[PDB]
Each structure stands twice: as C-alpha cells, then as structure tokens.
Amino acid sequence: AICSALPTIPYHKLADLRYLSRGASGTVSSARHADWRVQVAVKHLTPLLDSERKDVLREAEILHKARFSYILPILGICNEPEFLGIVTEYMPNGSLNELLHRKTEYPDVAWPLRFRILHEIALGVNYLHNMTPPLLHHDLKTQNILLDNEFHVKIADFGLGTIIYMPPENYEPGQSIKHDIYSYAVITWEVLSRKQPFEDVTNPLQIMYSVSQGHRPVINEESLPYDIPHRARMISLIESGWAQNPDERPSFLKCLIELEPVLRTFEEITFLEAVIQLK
C-alpha cells in the first residue's frame, strides 16, 4: 500500500494574504507560497473550538484522499497553535455561480463550455461515488463548483445554506445515494437557463413546500429556449435527475453515458474560443 503524506505549511511561508470570501466552512484568502513561488488559496475560521479543529482536519483528509482531475487539489495544511487552515490551488475564475449570474461581465457563455462544465461536474462526483468506500458529496451547489485558469471544473467543499439543490426526501430527518444527482439536475437546469431556480419565490420555505409537492424549476420555452443544443436529451436528464422517487434517478454512470455523445460533437478549438470570448 503506497502512501503519500500531506505537506505541513508554516504560516510564515504564505505572503500577501488577501481576503476573498467568508462562508460557513471558513474564510477564503488568496496568497503566494514563499518557497514554491505559486499563488495559493487558504481556508481558515482566533481561538475557535476543540471540535472546530476536528472539522478543518477532516476536510483536509477528504481533499487529500479524493485527489482527481476534477477535485480541488489540496497543496498542504497549516497546523500551528497560532493559525489553522488548508492550502489549495488558487482558482482564478471563481465559482460556476458567478459565471452564470454575472451577466454584464459575461454576456456570452458559449454552449460547448457549458456542456464541458456539466460533463466535468459529473466526472468529479462520479469519481467520489466510485471510491471505496463511496464518498457522497451531499452539498453540491453552483457556489462550490470552482473554475480554474482554463475554466475547467474543480469540485470543492464536500461530504460534509441554500436548499434549492436539496432533494425533497432530505427535508425530514433521514437515516442516501440519490442526493447528489438531484443537486446535479438543478445545476444542469441553472447552467442551461442562466436563471435563478424559483425566481418568483421570496421565502425558502415556499420552495421547500413546492418541492415536496413535486414542483421543480420551470421547463418551458422562456427558461429553456428551443435553440439550446441537445435540448430534448438535456431535459430528460434533468427530469429524471430531480424525479420525486429517488429510485427513478439515474446513477452518475448512466448520466455520463448520456453526456458522452453530446461532448463528442464539439471540436477542441470550440472550448478554447468559448474561453477567449469571456476574457
């Protein structure tokens, strides 16, 4: 059994520590490693708690064990009595959430890139589900689908807010293999429409109520134009993905087998052209 240890990073090695965002998991800051000469990202919560330490160490172990092409690569851990945090590669293009909803900044997000993003999300989650034992994300949202330098996906913040990606059966306490695909069906809808799921709804409870009654984000000509490539296929994927009955939702394998023919239609140059258009 070949083993690899996660490097320990001394806090004094991280320079230019600039704030980026504060979330439930912690505060994300950009920095540069003094020795390695690369930009990094740091996640930290001053005294915290005795149990709060057990969380940060658990996320680091998860990222380190779930290493893959579509999972945020972890570079090291800051484990000092003075400062606690995880260090990962720096994602310069933010979250899928920002790309989809910052419409003045991004008026055109070409179809091939949207499909590649959807393909990559499914590849990362599929990889998790294929580990031994299977790792379940359970918190998939557009906010934690990160975008690297070339707009390739890196999945973060996982296994271990917003309930729009939570399946109806999760509302009541439960004693859960079909969660992730529900979240993925919503993300797919969001990616293809660039609309916020349930725009007309003020209170999150009204969403939760509607979802328990089998209602989903709206599928019509307004939300999903008829000119969307592979529209029919994508609609089937979405509708099966978010089906009320968990048993009627596909595995990520089935989902990938469905996506593969779609992705083969796009030339490699079209992904590059979609990216250059965003700059």
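One-based numbering along the sequence shown. Think of the rigid core as the biggest set of C-alphas that the two forms share within 1.5 Å after superposition.
Between 120-128 and 198-206, the larger mean CA deviation from the shown form in 6 other deposited structures of this protein, after core superposition, belongs to 198-206. For the pair 26-34 and 209-217, rigid core superposition yields a higher RMS C-alpha distance in 6 other deposited structures of this protein in 26-34. Among other deposited entries of this protein with both flanking residues present, none omit coordinates for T162; it is modelled throughout, well short of a third. Checked against the other entries of this protein, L237 counts as resolved in every one of those spanning it, not missing from a third of them.
Counting the unmodelled positions of the deposited sequence between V201 and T202 gives zero.
The modelled chain breaks after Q175 and resumes at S176, leaving 4 to 9 residues of the deposited sequence without coordinates. Two stretches are in play, 89-97 and 192-200, and the higher mean C-alpha B-factor belongs to 192-200. Between the stretches 54-62 and 215-223, it is 54-62 that shows the larger average CA temperature factor. Among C255, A15, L263, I269, the highest C-alpha B-factor recorded in the PDB entry belongs to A15. Per the deposited coordinates, the residue with the largest Cα temperature factor out of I228, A34, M234, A243 is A34.
Among the modelled residues of its chain, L160 has a C-alpha B-factor that falls in the highest third, as given in the PDB entry. Among the modelled residues of its chain, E80 has a C-alpha B-factor that falls in the highest third according to the deposited record. Per the PDB record, residue ranking by Cα B-factor puts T132 in the highest third of the chain. Sort the modelled residues of the chain by CA B factor and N126 lands in the lowest third. Per the deposited record, the Cα B-factor of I238 falls in the lowest third when ranked against the other modelled residues of its chain.
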